[PDB]
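Here the Cβ positions follow ideal geometry from the backbone for every residue, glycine too, while neighbour counts run over all protein chains shown. We did not get these values from a lab; they are worked out from the coordinates using the rules stated.
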Ligand SMILES: NC(=O)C1=CN([C@@H]2O[C@H](COP(=O)(O)OP(=O)(O)OC[C@H]3O[C@@H](n4cnc5c(N)ncnc54)[C@H](O)[C@@H]3O)[C@@H](O)[C@H]2O)C=CC1
Ligand SMILES: Cc1cc2nc3c(=O)[nH]c(=O)nc-3n(C[C@H](O)[C@H](O)[C@H](O)COP(=O)(O)O)c2cc1C
Ligand code: SF4
Ligand code: SF4
Ligand code: SF4
Ligand code: FES
Ligand code: FES
Ligand SMILES: [K+]
């Protein structure tokens with residue numbers, strides 16, 4: 001059934017304060033190992 | 001050698017790759033005006049006083065930051081170079097306070113001198129100026145932040161040479177203030193050298209404050225004895241009384257700094 | 001409005017601040033997004049996290065971000081005073097942000113600003129005495145075709161009239177939650193008198209794909 | 001082709017612009033996205049660079065630098081440092097609200113664009129610097145990226161091509177200057193959003209010191225459609241060196257302010273009178289149009305009649321194309337008050353770094369605040385012009401240029417209105 005009348009983006013009515021950061025915490029496992037500069041910080 | 005040939009006002013000079021426009025003009029004896037560039041600090045590129053015309057290029061370049069490319073003819077005295085210098089000096093003197101008589105930097109100010117040299121001789125600014133809250137960063141450096149031209153030699157010195165990382169810019173825009181953001185006492189062992197490299201009277205010497213004035217001081221080039229480094233100093237005196245102690249440049253000792261004990 | 005700090009009894013380095021353990025796991029997930037040796041790149045997210053746990057930023061959240069990321073505290077003070085979202089003063093529970101730049105001012109955002117002012121009894125920059133509403137005036141919020149619009153803490157409220165914004169303030173006072181969308185007839189950004197484009201069905205996978213691919 | 005406009009729905013890149021279809025993965029794959037992505041990855045970097053150079057795609061951020069030439073700056077072997085794509089998603093420009101629509105309604109198209117763009121430049125990951133005020137848009141995009149990782153489309157072994165590519169989203173914190181590419185890099189690096197000087201360009205020293213291409217949401221998201229449909233398809237629309245489709249944001253004093261995708265060289269009058277429902281009060285009620293968001297100078301009604309909405313025909317109309325954000329201003333507009341509110345925006349959104357913008361944008365806002373009331377004299381007009389000419393090209397980034405240009409457009413087209421403002425101030429106050 002083709003519909004061009006209803007706004008399908010109703011999910012952002014259900015976003016809380018920590019939604020972005022919990023999505024980041026969920027995506028923390030799918031990611032490649034970060035590159036390293038060879039030192040702990042530019043002050044090390 | 002891998003030296004490339006550039007031109008300053010037509011005159012050729014051979015430079016190492018990585019040489020800036022400012023250093024290339026230095027090699028033929030011309031000093032491009034500057035406020036934030038310091039040869040012992042990192043390149044900031046944020047006072048825009050070194051804007052200079054490269055010919056066959058319709059834009060002024062930051063001479064402190066732009067490296068020379070092979071074949072550039074640097075026009076240090078052309079029309080749009082001088083228009084850029086006068087415009088930038090006009091913006092520096094927009095919000096700068098009329099404090100030159102009550103200022104310890106009068107007569108030894110970069111802003112006065114290269115306003116006489118490279119800026120206009122009058123104001124188009126018809127508004128009211130800003131006034132910045134002063135800070136208390138110790139018993140040595142008198143702070144009058146209304147005079148600050150926001151050149152960030154504070155920050156580059158306290159980060160790179162002093163190793164303190166406690167001066168920085170808060171705010172944004174015209175409300176951007178150089179300070180510690182808290183009531184913090186900037187007392188390093190090299191904390192008085194920010195009195196030197198500040199081109200304006202925003203950071204002055206609190207012991208030296210109000211006592212002398214640079215043209216009447218005799219300069220005696222002498223040696224530090226407060227430690228065994230042997231820092232070269234200038235004892236500046238006035239009528240048989242020692243007024244203050246400045247550093248001399250010596251590339252192998254103290255490059256152009258002295259400690260707070262010396263100062 | 002200042003960009004220096006003075007130690008009040010409610011804002012000092014002896015003000016208690018600590019993250020929750022779920023916030024520490026969120027911070028570790030943030031730090032793992034950046035290369036090793038560039039942990040300072042997590043200054044802006046984690047400090048924003050310190051605004052989401054607390055509502056604002058005392059000078060103990062800035063020092064805690066400076067402590068857990070191994071950065072100097074002035075480098076966090078700079079970020080916390082540079083960016084306009086970091087509340088360095090305790091704002092209300094609903095932080096109303098009215099956009100009054102030129103595309104919203106052309107469509108009469110001042111009517112909605114005055115409607116919020118006379119509705120809540122405060123002016124621009126102040127907080128209602130029940131600590132529920134802070135009204136400030138912000139720049140372009142990126143909802144220009146839905147002008148005029150406000151923002152309440154996360155949520156854009158668009159195509160507004162003074163009646164609509166009085167309704168939104170009434171249901172913020174009522175303890176409910178409003179719907180973050182355009183309060184006119186349209187849905188997101190379309191022409192209000194019907195769809196002038198994208199009326200045909202979308203062509204699906206494989207449409208117009210060039211050969212050799 | 002001579003005439004332009006009236007773009008069909010089969011030729012749209014941003015289908016589901018309006019949020020009317022499903023933005024998620026089953027909705028995006030059913031509209032053409034993530035189709036034959038493995039072959040686009042496996043045909044190499046130079047093929048994708050040749051497709052983007054063929055398409056004539058210019059930088060949708062607003063400057064219009066050639067996207068193929070821009071992305072080919074990364075086409076060089078590594079030196080130990082990783083390489084990065086960074087997608088600019090701040091969009092703080094007044095008038096401009098299209099990248100919000102791409103992130104919010106076609107998010108997987110932006111993810112596939114990150115994959116294709118980062119493959120073309122050999123990049124390791126993507127950093128989508130989204131604006132922090134677009135919080136629901138950011139969580140929208142993160143749900144999409146979670147769908148893309150769980151479907152094996154990005155990450156380890158992206159689309160089964162043996163190429164590894166992460167997609168990171170970093171929120172902003174409320175600074176318009178962080179949309180500028182080096183200031184965005186500095187904001188990603190956990191510092192103040194202050195622009196770096198160029199050189200070094202980000203292709204040499206970008207984010208974290210790495211080779212980095214910062215590119216807009218629209219110039220990144222159209223790249224899978226260019227790689228699927230072809231370069232000749234995208235070069236078939238618009239004039240020469242003005243190729244493609246473009247999202248337009250017609251706001252202000254129109255009957256129906258809207259975002260609409262349209263062919264590139266469409267006339268401004270046709271665009272406003274077709275998609276926006278015309279100016280409120282008719283076309284004779286038109287006073288001025290800011291054609292591409294606040295950074296471009298306004299043009300009056302005598303210029304808006306025959307002007308084409310691409311780059312070169314707006315350069316010839318002594319303005320810029322910019323972000324193609326059309327702000328329409330009718331005859332009832334206090335136009336000096338609008339330009340002064342705009343210069344007030346430019347002083348509140350100015351990072352304070354170099355001297356001409358930090359001092360002169362506040363000094364221009366004080367002059368414009370006196371020009372609204374008329375509390376001045378006409379010799380200060382040309383003075384103000386020269387102040388703009390002391391900011392234009394004398395700054396680190398182009399926010400000084402983007403603040404000098406509206407003042408120049410207002411003076412150049414409405415000097416008599418300024419003068420009669422000030423002389424009626426002089427007669428009713430002196
Ligand atoms: N989309 C938005 O929200 C906004 C857009 N703008 C637009 O942005 C433009 C000004 O922005 P800028 O990026 O400062 O201007 P533009 O001169 O510098 O640069 C555009 C791109 O071209 C690249 N580029 C140009 N010459 C290059 C070279 N020789 N080598 C390597 N890369 C080179 C730069 O890296 C950059 O990514 C204006 O057209 C303005 O309308 C301005 C404000 C907001
Ligand atoms: C002050 C200033 C703000 C900018 N803001 C944005 C922005 O918010 N979004 C954007 O895509 N480009 C912005 N740009 C343009 C960028 O510098 C850059 O050209 C663009 O982000 C990526 O290049 P592209 O045009 O090839 O896509 C801004 C430029 C300036 C000078
Ligand atoms: S710092 Fe220089 S220009 Fe400023 S008041 Fe002192 S002497 Fe005058
Ligand atoms: S106080 Fe002096 S050295 Fe420090 S930023 Fe200001 S002008 Fe520069
Ligand atoms: S011109 Fe303005 S926006 Fe750009 S680096 Fe300078 S202060 Fe920042
Ligand atoms: S000296 Fe080059 S900009 Fe300050
Ligand atoms: S002008 Fe108010 S949202 Fe852009
Ligand atoms: K000094």
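Tabulated data
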item: Residue list for region B:169-212, filter: at positive phi and within 16 Å of ligand 3 (Cβ to nearest atom); result: B:210
item: Candidate set: region B:12-54, residues that are in contact with a strand residue (DSSP E or B) (Cβ under 8 Å, 6 or more places away or on another chain) and at positive phi; chosen: the one farthest from ligand 2 (Cβ to nearest atom); result: B:18
item: Enumerated helices (runs of 4 or more DSSP H) restricted to region C:1-73, each holding at least 3 residues that are farther than 26 Å from residue C:92 by Cβ; result: C:21-31, C:61-68
item: Checklist (1) touching a residue at least 60 places away in the same chain (Cβ under 8 Å); (2) in contact with a helix residue (DSSP H, G or I) (Cβ under 7 Å, 6 or more places away or on another chain) applied to residue B:256, failing item; result: (2)
item: One residue from D:76, D:109 being out of contact with any helix residue (DSSP H, G or I) (no Cβ under 9 Å at 6 or more places or on another chain) and more than 16 Å from ligand 7 (Cβ to nearest atom); result: D:76
item: Condition check for residue B:88: under 20 Å from the mean Cα position of the chain (by Cα), surrounded by 15 or more Cβ atoms within 10 Å (Cβ to Cβ) and over 23 Å from residue B:201 (Cα atoms); result: no
item: Matching residues in region B:181-197 - criterion: being within 16 Å of ligand 8 (Cβ to nearest atom), assigned to a loop (DSSP other than H, G, I, E, B), farther than 21 Å from residue B:237 by Cα and touching a strand residue (DSSP E or B) at 6+ places or on another chain (Cβ under 8 Å); result: B:186, B:191
item: Complete set of residues in region B:23-40 that are more than 16 Å from ligand 4 (Cβ to nearest atom), part of a loop (DSSP other than H, G, I, E, B) and either without any contact (Cβ under 8 Å) to a residue 24 or more places away in the chain or more than 24 Å from residue B:10 (Cβ to Cβ) (or both); result: B:27, B:28, B:29, B:31
item: Looking only at region B:41-58, and only at residues there that are away from ligand 8 (no atom under 16 Å from the Cβ) and in contact (Cβ under 8 Å) with a residue 40 or more places away in the chain, the one that is farthest from residue D:395 (Cα to Cα); result: B:42
item: Where a residue in region B:102-118 is under 20 Å from residue B:82 (Cα atoms) and its partner, wherever it lies, is within 16 Å of ligand 5 (Cβ to nearest atom), with Cβ under 7 Å and at least six apart; result: B:110/B:35; B:111/B:92; B:111/B:149
item: Sole residue being touching a helix residue (DSSP H, G or I) at 6+ places or on another chain (Cβ under 7 Å) and away from ligand 5 (no atom under 16 Å from the Cβ), chosen from B:16, B:53; result: B:53
item: Residue list for region D:244-267, restricted to those being crowded, with 22+ Cβ neighbours inside 10 Å and in a loop (DSSP other than H, G, I, E, B); result: D:244, D:253, D:257, D:264, D:265, D:266
item: Residues that are touching a strand residue (DSSP E or B) at 6+ places or on another chain (Cβ under 7 Å) and more than 9 Å from every other protein chain (Cβ to nearest Cβ), drawn from region C:14-59; result: C:58
item: Long-range neighbours under 6 Å by Cβ, at least six apart or interchain, first residue farther than 14 Å from residue D:120 by Cα within region D:73-90, second in a loop (DSSP other than H, G, I, E, B) and away from ligand 5 (no atom under 16 Å from the Cβ); result: D:81/D:210; D:82/A:35; D:82/D:124; D:82/D:210; D:90/D:131
item: Sole residue being surrounded by fewer than 24 Cβ atoms within 10 Å (Cβ to Cβ) and within 24 Å of the chain's Cα centre (by Cα), chosen from D:375, D:401; result: D:401
